[PDB]
Amino acid sequence: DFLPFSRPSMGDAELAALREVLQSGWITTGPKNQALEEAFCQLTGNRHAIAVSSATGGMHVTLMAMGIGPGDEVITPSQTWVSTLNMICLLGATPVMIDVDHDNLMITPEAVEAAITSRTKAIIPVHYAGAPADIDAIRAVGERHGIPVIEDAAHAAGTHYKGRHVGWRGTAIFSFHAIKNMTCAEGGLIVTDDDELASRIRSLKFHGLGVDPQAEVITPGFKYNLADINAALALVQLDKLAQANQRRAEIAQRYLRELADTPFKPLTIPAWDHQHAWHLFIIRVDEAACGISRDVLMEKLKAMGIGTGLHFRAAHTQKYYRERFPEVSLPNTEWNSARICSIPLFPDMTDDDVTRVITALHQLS
Amino acid sequence: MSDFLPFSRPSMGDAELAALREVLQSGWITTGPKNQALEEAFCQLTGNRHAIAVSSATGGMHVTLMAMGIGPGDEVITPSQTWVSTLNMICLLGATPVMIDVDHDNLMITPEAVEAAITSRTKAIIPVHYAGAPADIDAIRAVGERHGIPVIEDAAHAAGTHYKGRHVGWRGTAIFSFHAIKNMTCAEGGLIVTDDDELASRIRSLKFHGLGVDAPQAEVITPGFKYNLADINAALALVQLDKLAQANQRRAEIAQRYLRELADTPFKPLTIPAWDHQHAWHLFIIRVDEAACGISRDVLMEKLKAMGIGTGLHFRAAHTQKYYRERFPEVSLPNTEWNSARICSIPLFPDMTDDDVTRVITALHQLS
Ligand SMILES: *Cc1c(COP(=O)(O)O)cnc(C)c1O
Ligand SMILES: *Cc1c(COP(=O)(O)O)cnc(C)c1O
Ligand SMILES: [Mg+2]
Ligand SMILES: [Mg+2]
Ligand code: NA
Ligand code: NA
């Protein structure tokens, strides 16, 4: 009877796809990877798609292929998952953590521009919770200074910005982790319009192998390829994505309406034209307004059989980054990081599941 | 295409599909109870203390060397006669691979070659258990102990390999692979066993973002990577581990027939080690010397393919590949170079029929 904050929608279609792969005998990277990549080119309109074993690995090889390393700075929010900051550091580069908008939790072009230095080699905006960042404005800052923008689109499968899917141009990295809007348990995919970057990425995610003749190691690379077992699941889930996101939107709209007369504060919907994917439904819990703290709300909801998530504890408040970058002070991030939680949002939720959550929040206010 | 006999094919059937159904129905599809069961199963299989499932043996090597503190200024002794993943991971941690030769007939490093290559900078030794036979790991370990240098075993080929009556990795540290051509597979995956408590603790953190508990809630203690194994894959690996004994018994039957029926051909299998062992028979490798066989290795592979018979090359020595050839042009490894130019792997997988085996043997006799 526990209602988790997320659960995948796996059924007979996924099992039938798995049966096909197993029957074929070709279970690692093969035709299903190619079909998934072609499908994401059709979805986004971008040129190149590279399937990978996780969005974290995708970020690792994308930054590596761009040549980012010691002496380089990478602008990123602290208000994101730690994978991006970790990959910057593990390439020897320096994350430059910037604040986010206090109500949609995404970086602004002004904050990006203020943080640019002669060392900046990449800017990594996050499309947060299913809404897009103001990517044209961020891209314009990058273009003015000759700095590439790499989009963290983990939350943005099915997100549109000014009438196009996220990643229609430039470079973006999607996630297929279990709680994402389409999942193959673990997986990811990079889209890019940059031919050379795409060529480097494909080699660096598969041992650095390339043709100088037979394939051989051109420069050392990692192992981040996606098996066809997983790619086949992702194809089924992509086929379901439009309907899944429609259901998520219906649930989120009901949360927006029925929590309007509670002190719990959702994120604000951006003013630029978009279609929200509704990956997460985040609320801010301020004890002064709500009569209950964020941590206690999570605990009491759990005691009522209702799961919640924390997306995310800001990276700069975590031990490694807190001690390496003690000077970082990001007020909007710090205020929200202490007050946000994610309430249940997934397309297998019934109307009664949603009513249960809303009733509990009303009771706990 | 339907009549092509590849050099390997997985054995995936209703049992694997039923395991996948269970995980999907549960809704818990990434790392969870199937990972824990797989790890416990490998602790029971090997007798070792700690088992850490990972997304690939390459990733496992990456985080194991990282957890050991391997980095700039450190040397790591390894064969060139192995898969390039190990050399790459050494280099991508900033460390220096020190490539040594292998025995000319079993393609595994010797304690003497390891000892000769040790310097004050050596921080690890990585023997490879090749094709399903174990390296002489007690002798290699003794060299490491004498100099205080850890030995990390590449056991990708050695699921089901025994050495002096124990499974590979019963002590020390070893890394298994569950890639599609390995004797048990979940398409992509691997697993580290270790008897070192601190190393295991570091590895578990470093394969999942560096998360740990401060001296409280989990937080990044130091940056780590993402190399966890999904439960969908762990569930497949559990079925395949349950099948492993019978799969390896069939592989041994096939390999024994190759050993017998190629004995009167000029093709030269690897030699069986003199130390007590049980061979897993991951690969059946033959040496193709044009003087003895009347045909070259490359041409044999091409002609076998024209006959609908697949082969593999395990492996083109790392030091002969562009990056390593140009970075380490001074490396000269005679046994490795001789074999690398002459080896290929003929079909060996447990779903092969007796008639499939006869087809391979007949073609090799015809092409001699
Ligand atoms: C979890 C997540 C990632 C990493 O994705 P994986 O596929 O799990 O590696 C990156 N960015 C954001 C915003 C995420 O939520
Ligand atoms: C393939 C292989 C590896 C790497 O295993 P993955 O699971 O593919 O990362 C390591 N060592 C040897 C000897 C191999 O054949
Ligand atoms: Mg409200
Ligand atoms: Mg012979
Ligand atoms: Na939507
Ligand atoms: Na055997």
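Readers should treat all values here as calculations from the given coordinates under stated rules, not as data from a laboratory. Neighbour counts run over all protein chains shown; Cβ positions are idealised from the backbone, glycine included.
Do you know which residues across the range B:50-66 are more than 10 Å from chain A (Cβ to nearest Cβ), under 19 Å from B:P150 (Cα atoms) and within 16 Å of ligand 1 (Cβ to nearest atom)?
Scanning the range B:50-66 gives a single hit, B:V63.
Does any residue of the range B:78-100 turn out to be within 14 Å of another protein chain (Cβ to nearest Cβ), surrounded by fewer than 21 Cβ atoms within 10 Å (Cβ to Cβ), on the phi > 0 side of the Ramachandran plot and more than 21 Å from the chain's Cα centre (by Cα)?
yes
Only residues that are closer than 17 Å to B:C344 by Cβ and within 15 Å of ligand 4 (Cβ to nearest atom): list them for the range B:237-260, please.
Answer for the range B:237-260, where residues must be closer than 17 Å to B:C344 by Cβ and within 15 Å of ligand 4 (Cβ to nearest atom): B:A255, B:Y258, B:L259.
Among the candidates B:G47, B:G69, single out the residue that is of a type outside the set (V, I, T), more than 25 Å from A:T219 (Cα to Cα), surrounded by fewer than 24 Cβ atoms within 10 Å (Cβ to Cβ) and more than 14 Å from chain A (Cβ to nearest Cβ).
B:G47 is the lone residue from the list that is of a type outside the set (V, I, T), more than 25 Å from A:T219 (Cα to Cα), surrounded by fewer than 24 Cβ atoms within 10 Å (Cβ to Cβ) and more than 14 Å from chain A (Cβ to nearest Cβ).
Filter the range A:326-347 down to the residues that are in contact with a strand residue (DSSP E or B) (Cβ under 9 Å, 6 or more places away or on another chain) and of a type in the set (A, V, I, L, M, F, W, C), then identify the one that is surrounded by the most Cβ atoms within 10 Å (Cβ to Cβ).
A:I343
In the range A:132-160, what count of residues is obtained for those that are away from ligand 5 (no atom under 16 Å from the Cβ) and in contact with a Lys or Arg (Cβ under 8 Å, 6 or more places away or on another chain)?
Matching residues across the range A:132-160 total 4.
If you scan the range A:343-365, which residues turn out to be of a type outside the set (V, I, T) and assigned to a loop (DSSP other than H, G, I, E, B)? Break it down stepwise before answering.
So the first thing to find is which residues in the range A:343-365 are of a type outside the set (V, I, T), and the list is A:344-349, A:351-353, A:356, A:360-365.
Matches in the range A:343-365: A:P344, A:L345, A:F346, A:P347, A:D348, A:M349, A:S365.
Take B:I309 and tell me if it is away from ligand 3 (no atom under 16 Å from the Cβ), among the β-branched types (V, I, T), closer than 23 Å to B:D105 by Cα and more than 14 Å from every other protein chain (Cβ to nearest Cβ).
Values: away from ligand 3 (no atom under 16 Å from the Cβ): yes; among the β-branched types (V, I, T): yes; closer than 23 Å to B:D105 by Cα: no; more than 14 Å from every other protein chain (Cβ to nearest Cβ): yes.
When the stated conditions are applied, B:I309 does not pass them.
Can you confirm whether the range B:213-230 contains a residue that is more than 16 Å from ligand 1 (Cβ to nearest atom), within 21 Å of the chain's Cα centre (by Cα) and at the interface with another protein chain (Cβ under 10 Å from one of its Cβ atoms)?
No - not one qualifying residue is present in the range B:213-230.
Applying the selection to the range A:116-133, what residues are in a strand (DSSP E or B) and not hydrophobic (A, V, I, L, M, F, W, C)? Spell out how you get there, then give the answer.
Looking only at the range A:116-133, we keep the residues that are in a strand (DSSP E or B), and these are A:120-123, A:126.
Result: A:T120, A:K121.
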